[PDB]
Each structure stands twice: as C-alpha cells, then as structure tokens.
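Residue numbers (full-length UniProt numbering), protein chains in the order written: chain L, 5 to 140; chain R, 5 to 175; chain F, 74 to 136; chain Z, 1 to 180.
Don't be surprised by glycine CBs; every beta carbon is placed ideally from N, CA and C.
Data block below; observations after.
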Amino acid sequence: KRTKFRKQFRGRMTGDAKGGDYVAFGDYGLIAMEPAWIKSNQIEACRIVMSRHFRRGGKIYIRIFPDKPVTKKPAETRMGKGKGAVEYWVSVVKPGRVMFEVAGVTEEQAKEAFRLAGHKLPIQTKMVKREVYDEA
Amino acid sequence: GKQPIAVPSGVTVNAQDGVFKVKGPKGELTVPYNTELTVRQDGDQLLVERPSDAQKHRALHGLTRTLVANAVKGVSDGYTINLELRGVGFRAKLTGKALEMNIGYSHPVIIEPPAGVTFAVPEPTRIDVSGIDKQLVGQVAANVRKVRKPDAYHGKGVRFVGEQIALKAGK
Amino acid sequence: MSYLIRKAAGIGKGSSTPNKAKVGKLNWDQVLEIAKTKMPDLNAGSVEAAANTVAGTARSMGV
Amino acid sequence: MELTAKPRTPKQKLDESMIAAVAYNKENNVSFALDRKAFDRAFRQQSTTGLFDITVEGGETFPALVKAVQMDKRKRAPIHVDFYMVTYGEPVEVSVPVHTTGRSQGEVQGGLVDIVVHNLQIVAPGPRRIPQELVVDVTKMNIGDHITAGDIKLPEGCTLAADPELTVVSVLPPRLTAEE
RNA sequence: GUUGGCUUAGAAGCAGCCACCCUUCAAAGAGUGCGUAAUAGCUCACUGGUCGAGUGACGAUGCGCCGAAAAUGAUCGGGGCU
RNA sequence: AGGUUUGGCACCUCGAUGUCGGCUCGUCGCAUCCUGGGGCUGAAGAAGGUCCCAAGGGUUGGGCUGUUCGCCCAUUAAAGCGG
Ligand SMILES: [Mg+2]
Ligand SMILES: [Mg+2]
Ligand SMILES: [Mg+2]
Ligand SMILES: [Mg+2]
Ligand SMILES: [Mg+2]
Ligand SMILES: [Mg+2]
Ligand SMILES: [Mg+2]
Ligand SMILES: [Mg+2]
Ligand SMILES: [Mg+2]
Ligand SMILES: [Mg+2]
Ligand SMILES: [Mg+2]
Ligand SMILES: [Mg+2]
Ligand SMILES: [Mg+2]
Ligand SMILES: [Mg+2]
Ligand SMILES: [Mg+2]
Ligand SMILES: [Mg+2]
Ligand SMILES: [Mg+2]
C-alpha cells in the first residue's frame, strides 16, 4: 500500500512489462494483459479476496506494489498550482507482468481464487503454470 | 439421429417435390417436409438421407424423421392424451362434439374443438383428447390445460394423467 | 463406539482438533470387547477376517 | 528432436511453426530453425534436466542439452531457445528441481511444506546420467524446520553449486493471530 | 464401525470450525445437490447389466449475440442491399 | 449509460441572446406515480415486495415561504421524473 518517504510526484508514459517474470514463488500466478494503474486498494482488496477463499493461509505472494503518487482537484478550476499530493497511490503494470502468485493450493483451488480476484481488477487477466525456469 | 422408419402395411407415401403424404385407416395426414433434404422409400421401411455434414444440415435430419414417424403412428394408431381435474367440485360435460368445463369460475368455460380432433369424457373429472394430428392434439389439450393451471399450493386444476406435482405449502 | 472407548480409556470429551492438540491413545485390548455384538453386524468373511476389522476408528478419531 | 532447414532468412519461420534459435559447443555455432510444435512437446519432457539428440538436414547428429530460453511476453510460446553441448564427464552445471517425496508429519500438524528454491545448479559428472530430479524426504521435519542445502542427496560426487547452508525446503507454521 | 470428534436447543455427508483412517467387495465419497426442527425420503460419485459409435474437458483465433434508456420525425447521404 | 447538478474550458453573441418565481399555453422522453399484461416471492386468501413489458389517458384543493424546493391540512387509482 501507501509507502514511506519518497520523491513525491510523477508524470506518465507506457511501454511493455520489463521486470515481471512468467513464474515465481509458487505453482500458480496471475498475469495482467493491459497497461494500467493499480491502486493501494484494488490489490489490497485482491489479497483480501483471494485469502478469504483460502484457509486464510499465508501462501499468497504479491509481486506488484504501489509507488507512483497521483493527484486531484482540491475543489476545482485552474486557479493556482499543481496540487493533490495524497489522492491515491498507484502501481503501474504492463502486459505479461505477473501480479500475484499462490502456494500449495490445488488446480481449481487457485483457479477460482484468481477468478474471484479477477473482478476488482481494471484489466483482464490470465493465470499460469511453470515451463521456463529462470533464476540467476 | 435415428434413420430407420417402421412402416405398417396399410399406409402409402408418395414423395414428390415438397409434398409428402400418408394415407391409411385413420384417414389422410399430409405434412410438408424439406426439399433440399432427400426423403424416399427404400425397400419397405422408409429411409431419409441427408445431403451434407454441415451444421445447419443434420438439424433438419433429426427433425424430419420423427415428423414422418409421427405421421406413421398418426395414420395407424392415432393419438390420445389423458387429462385429470383436481380440486373441489370440478367437472366436465359434453355438448355435441364440444367440451363443457366448469372449474371454480363464475362463468363456465367451454371449448370448441377444431376438426380432426374429438373430445371424450368417460368419467366426470377425466377428459380424453382424441385425434390424428400430433401437433393439433397437443395445442388442443394445451388449451384445455389453459383453463386452470394447477397452483403451486394445492395443485388444483387440469393435469396429465398421473403427472406428479410438487407443492409449496405456504401457511 | 467411542462411548465404549472414551469411558474405558478415561476420556471426558474427545479430540476437538485431533491433528494439532493431541488427546491420547490406548492398549490393544479395546478390540475384543466391542467385537462380541459386531459378529452379525460387521460384514466379513468367516473366522479371522474380523480381527483387524473391529477397531480402526480410534486411530482416525484422534484417540 | 529433429530439424531440417536452418537458414538466416527470418520470414520463412512463422509461416509454419518454427522458433529462431542456436546451438554452440564453443568449437562452432550456426543458424537454426526448429519446429515449434514438437519442441514444446519435447522440452516439456526434458528441460535442462536432460539432453536430447539433434538431427539436422544433411545427416549430422549432435547430442545437445537445452540451456536458456527467451520467452515472449503477452503470450505463451517461446521466441528463442539457446542450446549447449556435451563433453563427458566435465560438462556445465545442470539445474535440478526439488520434488519433496513423502508427506511430512508437520503438514499433518497444520503446516504447509514449501520449497524455497528449485532447480539447483550443482554439476557433474556424466551428462548421460544427469540428475533429472532431486528426491528430498520431508517426513522427518515438522514445524519451523529449515532443511538446508547440505542435507540434499547428490550421488556420484556432484558438488553443490550454492552455499551448503542455503535453505531449500522449509515448512511454514499455521496461520496465527492475537491482538484485536 | 456410524450419529467419526468438537460445538450447539439439538447438527447424524450437507450451520459449523478440526480431521477425512479402517472393514466388506463385481463397488459404495465419514461423502455433490435436494430435503428435516433433527435421521429418514430422492439422484449423483463408483460397480454390473441392456444398447450402438464416438464422446467429454481447457485454452487460442475469424466473424457474430446479449449487455445497448432522453427528450419536435425518422433514417447507412438516401433508395435499397444477404 | 445519461447529460437534468455544481464545475472545467472560453467557441458564437458586450453597435445588447432581458436574469428567479408565478400565471397562460402546450408538447416531448421513459430511468412508470396511477391504470393495463407478466415472471419471482420468505406469494394460503386478502394486502404487499422485487423485476419485466407498456407512454393511451390520467396525476386534487389548501395553510407557511417571492421562492423553485420542502414541511404541514384534507383528499386520492395516483397525488411520477425530466426536457
Ligand atoms: Mg506515451
Ligand atoms: Mg531482469
Ligand atoms: Mg442439515
Ligand atoms: Mg449463519
Ligand atoms: Mg471438507
Ligand atoms: Mg440415507
Ligand atoms: Mg436410478
Ligand atoms: Mg455547464
Ligand atoms: Mg485559447
Ligand atoms: Mg444587431
Ligand atoms: Mg435587439
Ligand atoms: Mg421500459
Ligand atoms: Mg401489476
Ligand atoms: Mg428460480
Ligand atoms: Mg395475492
Ligand atoms: Mg428499477
Ligand atoms: Mg413537465
């Protein structure tokens, strides 16, 4: 979620997913197909959603995380400066990036627990399995 | 689908164009069938081939045979359905060929049967629909069924023979 | 069954969470005394097919 | 398993299912075009855990082990597939998955067996006999137990690639909470 | 075994948190849905029979379907187009 | 989604496009207040709830306030929402 001290501001641009893998930290994982921002909530609700459908088990891994601060109209117009320091925090994700990963649950077990968290997400997604093994 | 058609010795079918007719002991019944489809008598028992394996085809294959099959059992044994009245003091009579029904309705409801169909009420609460055409007989007994549809609570109304009905039991 | 087990084994309730907090176990003696009324009951071949039969349950009960 | 044509021409590839690749022993390397269909039907059976034979058009059979594979993001299918060679009994260290056989009595205790790391690099000797898997018995460990890399069985003198004390399998405790 | 143990006014496959072994067997989950205040009551999982040739499950893609309510009279420019 | 709110923006209009509310006169949309046809119900009947189809017609008089609104009185099948 919202983090400790920073640079405090940003603009915006979009490429393709750089540091997201295919797999990591578990059997099954979740992958975003569309460039977008994810907020402090969303993924926070996604954790809660997924975990609710589990035993509550601590087997869930979230590779994503909010860094980028966003802003908003104090009330209205253009009068004055750029403003809105805390409105919300976002985490940019690009396609192919892996978002969440789970541990030790079965096939349908994590299929449905990803599906529940599929909603609450501004983008379409697909879960996965491991073939490419890369650790270095 | 099922290809074979069992054909009794008293029925005649002439397949030409879009006109396929059967004549037998119960009278003539003529039901139009598809031209693009191939239907003709092979030996004694009837055979309806289909032109292709295409999706829109084979859809009228499973249709056509039973339609002819219905025409076969239509001009042979005919068709009948049994209707049952349930609920307090429900009853049916007969005036001419017409069914006189009285059920829980201020002004009694009656039905004039279309030709080829005939009503039978051998018992006061037992109604039988008799006829050749398997289509019309359906909507005939579905009309009789209209008058009172059995309620979700006491199941009062017109039903089919021994058909079983679930009950809500509100109070 | 365990009404004939808990009492004779000296247990008040049983295993609430048998995998985590353990209750206890017992001697092999409990197989015989429950096997007298279970001859016509338990479906088995004749003679000794009922030996390992009567109690497998204490092992699955958590006691 | 097999390939015929292997040109420098790029657009002859995706007209059929084929992956742009290479192979090298350091004595030489060369153009590659490999059928994708039977490849991921093959690699699936093998990975880095073992080598398979290659037959190029022109009657040349050189046995090789899969090394690194560059995957396309936004899709499943791979775009690259690097290959390496075999010189017995020296050849390069091989990544070995941790398969965790038997049910621990600590998973029965309300915990979960979790493998911190898989595909251990190790090495040696024969790349005929390569350790296509790694068997690790977990029945001994229960809760809080961290099995390290010095406890892992590797026959025929295969030296550990990483630190001996590095944690591979650790069973994680049951979910706990106290304060409101 | 059987209403597996815990808990509840009781909860016996099915409020529910823990677990999910054994016996018989051509074979039947301490069990999927319906049901009761609780077991009963009805099908599935699986076995055997009867009948014929395929049939069932995940994803990829082309083109479509629903999702698709705003104010004077409508329409792709129109006629009209499979 | 809509384009009725407060806004953003500054595009036509400062050699002038008269601003709130009422009264008069209408007409239109349907995201339907009533009435008409339906499905579900924790629908026995009666009386309702929710969703669906439906814009033909209809939708009261008063007290306080410039008010629109809103609150109250007495009613009603109903005392619709906007343009
Ligand atoms: Mg840009
Ligand atoms: Mg990197
Ligand atoms: Mg129950
Ligand atoms: Mg409750
Ligand atoms: Mg369970
Ligand atoms: Mg039963
Ligand atoms: Mg049966
Ligand atoms: Mg405006
Ligand atoms: Mg400007
Ligand atoms: Mg002027
Ligand atoms: Mg003027
Ligand atoms: Mg409407
Ligand atoms: Mg109504
Ligand atoms: Mg329903
Ligand atoms: Mg009513
Ligand atoms: Mg509504
Ligand atoms: Mg108006």
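With H, G and I counted as helix, E and B as strand and the rest as coil, what does DSSP make of residue i?
{"i": "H80(Z)", "result": "coil"}
{"i": "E116(R)", "result": "coil"}
{"i": "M1(Z)", "result": "coil"}
{"i": "residue 158(F)", "result": "The structure shown does not extend to residue 158(F), since chain F is modelled only from 74 through 136, so no value can be given for it."}
{"i": "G30(L)", "result": "coil"}
{"i": "residue 22(F)", "result": "With chain F running from 74 to 136 in the structure shown, residue 22(F) is simply not present."}
{"i": "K73(Z)", "result": "coil"}
{"i": "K133(L)", "result": "coil"}
{"i": "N147(R)", "result": "helix"}
{"i": "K72(L)", "result": "strand"}
{"i": "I47(L)", "result": "helix"}
{"i": "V104(F)", "result": "helix"}
{"i": "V97(L)", "result": "strand"}
{"i": "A124(R)", "result": "strand"}
{"i": "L134(Z)", "result": "strand"}
{"i": "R79(F)", "result": "helix"}
{"i": "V120(F)", "result": "helix"}
{"i": "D151(Z)", "result": "helix"}
{"i": "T16(R)", "result": "strand"}
{"i": "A21(L)", "result": "coil"}
{"i": "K25(R)", "result": "strand"}
{"i": "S170(Z)", "result": "strand"}
{"i": "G142(R)", "result": "helix"}
{"i": "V113(Z)", "result": "strand"}
{"i": "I52(L)", "result": "helix"}
Below 8 Å on the Cβ atoms is my guess for residue i versus residue j; work out the distance and round it to an integer in Å.
{"i": "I78(F)", "j": "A123(F)", "result": "Actually they are not in contact, since the Cβ atoms of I78(F) and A123(F) sit about 18 Å apart, beyond 8 Å."}
{"i": "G102(Z)", "j": "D137(Z)", "result": "5 Å"}
{"i": "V116(Z)", "j": "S170(Z)", "result": "6 Å"}
{"i": "residue 189(Z)", "j": "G19(L)", "result": "This structure cannot speak to residue 189(Z), because chain Z is shown only from 1 to 180."}
{"i": "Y137(L)", "j": "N29(Z)", "result": "23 Å between Cβ atoms; not a contact."}
{"i": "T42(R)", "j": "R54(R)", "result": "7 Å"}
{"i": "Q113(L)", "j": "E38(L)", "result": "That pair is no contact at about 26 Å."}
For a minimum of 3 consecutive residues, which ranges assigned as the beta strand (DSSP E) are wholly contained in the segment 105-130 of chain L? Listed in chain order, the beta strand (DSSP E) runs fully inside the segment 105-130 of chain L amount to none, counting runs of at least 3 residues.
Is there contact here, the segment 33-40 of chain Z with the segment 17-25 of chain Z, by at least three beta-carbon pairs under 8 Å? Under the Cβ criterion (8 Å, minimum of three pairs), the segment 33-40 of chain Z counts as touching the segment 17-25 of chain Z.
Are the segment 6-20 of chain R and the segment 120-129 of chain Z in contact at 8 Å, needing three or more beta carbon pairs? No: fewer than three Cβ pairs fall under 8 Å.
Assess contact between the segment 40-56 of chain L and the segment 91-104 of chain L, defined as three or more Cβ pairs (one per stretch) separated by less than 8 Å. Is contact present? A contact exists between the segment 40-56 of chain L and the segment 91-104 of chain L.
Does the pairing of the segment 102-110 of chain Z with the segment 73-88 of chain Z give three or more beta-carbon distances under 8 Å? No: fewer than three Cβ pairs fall under 8 Å.
Evaluate the contact criterion for the segment 55-65 of chain L versus the segment 115-123 of chain L: three or more CB pairs, one atom per stretch, below 8 Å. Yes: the two stretches touch, three or more of their Cβ pairs being nearer than 8 Å.
Decide if the segment 159-170 of chain R is in contact with the segment 86-97 of chain R; the criterion is three or more beta carbon pairs, one per stretch, under 8 Å apart. With the cut-off at 8 Å, the segment 159-170 of chain R and the segment 86-97 of chain R touch.
Using a Cβ-Cβ cutoff of 7 Å, what residues of the segment 66-90 of chain Z are near chain L? List them in chain order. For chain L, the residues of the segment 66-90 of chain Z that bring a beta carbon within less than 7 Å of one of its beta carbons are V69, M71, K73 and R74, in chain order.
Length at least 3, wholly inside the segment 6-67 of chain Z: the beta strand (DSSP E) runs in chain order: Complete beta strand (DSSP E) runs here, min 3: 18-21 and 32-35.
Please list the segments of the alpha helix (DSSP H) lying wholly inside the segment 47-115 of chain R, counting only runs of 4 or more residues, in order along the chain. The qualifying runs are 65-78.
Given 8 Å, three or more beta-carbon pairs between the segment 141-151 of chain Z and the segment 25-34 of chain R: The segment 141-151 of chain Z, when compared against the segment 25-34 of chain R, does not touch it at the 8 Å Cβ threshold.
Between the segment 48-66 of chain L and chain Z, which residues of the former have a C-beta closer than 8 Å to a C-beta of the latter? Of all residues in the segment 48-66 of chain L, only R59, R60, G61, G62 and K63 place a beta-carbon less than 8 Å from a beta-carbon of chain Z.
With three or more beta-carbon pairs closer than 8 Å as the criterion, would you say the segment 139-157 of chain R touches the segment 110-127 of chain R? Verdict: yes, contact present.
Cβ-based contacts, 7 Å cut-off: residues of the segment 92-103 of chain L near chain Z: Listed by position, the residues of the segment 92-103 of chain L near chain Z (Cβ gap below 7 Å) are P99 and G100.
Using a Cβ-Cβ cut-off of less than 7 Å, list which residues of the segment 158-177 of chain Z approach chain L; keep chain order. If the cut-off is 7 Å between Cβ atoms, the segment 158-177 of chain Z has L172 and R175 near chain L.
Stretch-stretch touch, CB-based, cutoff 8 Å, three pairs: the segment 64-78 of chain L with the segment 86-100 of chain L: Because the criterion of three Cβ pairs below 8 Å is met, the segment 64-78 of chain L and the segment 86-100 of chain L touch.
Is there contact between the segment 154-168 of chain R and the segment 109-118 of chain F, where contact requires at least three CB pairs shorter than 8 Å? With the cut-off at 8 Å, the segment 154-168 of chain R and the segment 109-118 of chain F do not touch.
Taking a Cβ distance cut-off of 8 Å, strictly less, list which residues of the segment 107-130 of chain Z are near chain L, in chain order. Hits within the stretch, in order: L112, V113, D114, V117, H118 and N119.
Say whether the segment 67-83 of chain R touches the segment 122-130 of chain R, bearing in mind that this needs 3 or more beta-carbon pairs closer than 8 Å, one atom from each stretch. No, they do not touch.
Of the residues that make up the segment 40-61 of chain Z, which ones have a beta carbon closer than 9 Å to any beta carbon in chain L? Answer set for the segment 40-61 of chain Z: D40, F43, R44, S47 and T48.
Contact list for the segment 6-40 of chain Z against chain L, Cβ threshold 9 Å: Listed by position, the residues of the segment 6-40 of chain Z near chain L (Cβ gap below 9 Å) are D40.
Near-chain Z residues of the segment 102-125 of chain L - C-beta to any C-beta below 9 Å: For the segment 102-125 of chain L, residues whose beta-carbon sits nearer than 9 Å to a beta-carbon of chain Z comprise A107 and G108.
Okay, do the segment 88-96 of chain Z and the segment 44-59 of chain Z touch, 3+ Cβ pairs below 8 Å being the bar? The segment 44-59 of chain Z and the segment 88-96 of chain Z touch, with three or more beta-carbon pairs separated by less than 8 Å.
Within 8 Å, do at least three Cβ pairs link the segment 21-35 of chain L to the segment 125-137 of chain L? Result yes; three or more Cβ-Cβ pairs closer than 8 Å.
Within 8 Å, do at least three Cβ pairs link the segment 131-138 of chain R to the segment 75-82 of chain R? In this structure the segment 75-82 of chain R lies against the segment 131-138 of chain R, because at least three pairs of beta carbons, one per stretch, are closer than 8 Å.
Check whether the segment 57-77 of chain Z and the segment 122-129 of chain L touch, using three or more Cβ-Cβ pairs below 8 Å as the test. The segment 57-77 of chain Z and the segment 122-129 of chain L do not touch, with fewer than 3 CB-CB distances between them shorter than 8 Å.
At a Cβ cut of 9 Å, what residues of the segment 92-104 of chain Z count as close to chain L, listed as they run along the chain? Listed in chain order, the positions of the segment 92-104 of chain Z with a beta carbon within less than 9 Å of a beta carbon of chain L are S95 and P97.
Please list, in chain order, the residues of the segment 5-20 of chain L that have any C-beta partner in chain Z closer than 9 Å. Of all residues in the segment 5-20 of chain L, the ones placed with a Cβ closer than 9 Å to any Cβ belonging to chain Z are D20, in chain order.
Check whether the segment 99-108 of chain R touches the segment 13-22 of chain R, taking contact to mean three or more Cβ pairs, one atom from each stretch, closer than 8 Å. Segment contact: the segment 99-108 of chain R against the segment 13-22 of chain R, fewer than three CB-CB distances shorter than 8 Å; contact not assigned.
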